[PDB]
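Residue numbers (the working numbering): 491 to 536.
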Amino acid sequence: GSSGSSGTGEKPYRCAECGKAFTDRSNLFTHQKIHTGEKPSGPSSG
Ligand SMILES: [Zn+2]
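In C-alpha cells:
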C-alpha cells in the first residue's frame with residue numbers, strides 16, 4: 491500500500507518501541523523512560 495512514516499515530520503531519531511519522532515537524542519532517551527519502566531510483554535501469552 492501507499493504507507494510510509496516520512497511525512498508528518500522528518501526527525502533524525504525514532505523510537506523503535508512506539509514510533510515517535512525526536513529532534514535530539516537527549517529527548518528520545520528521556521521518552522524511552524516510559525518504555526524501560528513497565529512490565530514486559532509476550533506473544534499470544536498473558
Ligand atoms: Zn516510544
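Where is the CB? At the ideal position from N, CA and C, for every residue including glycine.
Practice prompt. Can you give me the Cβ contacts of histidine 521 inside the same chain, cut-off strictly under 8 Å, excluding the 5 residues immediately before and after it?
Written response: As a position in the sequence shown, residue 521 is number 31, starting the count at 1. Excluding the 5 residues flanking it on each side, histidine 521 has same chain C-beta neighbours closer than 8 Å at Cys505, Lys510 and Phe512, in chain order.
Fill in: Cβ pair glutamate 500, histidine 525 closer than 7 Å
One-based indexing of the sequence shown puts residue 500 at position 10. One-based indexing of the sequence shown puts residue 525 at position 35. Between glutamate 500 and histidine 525, the C-beta gap is not smaller than 7 Å, which leaves the two residues out of contact.
Discussion item. Quick check on this structure: which residue in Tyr503, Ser493 and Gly536 has the alpha carbon closest to the alpha carbon of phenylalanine 519?
Written reply: By one-based count along the sequence shown, residue 519 stands at place 29. Of the listed residues, the one whose Cα sits closest to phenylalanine 519 is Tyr503.
Item to complete: List the DSSP bridge partners of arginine 515.
Response: The count along the sequence shown starts at 1 and reaches residue 515 at position 25. Note: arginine 515 is not bridge-paired with any residue in the DSSP secondary-structure output.
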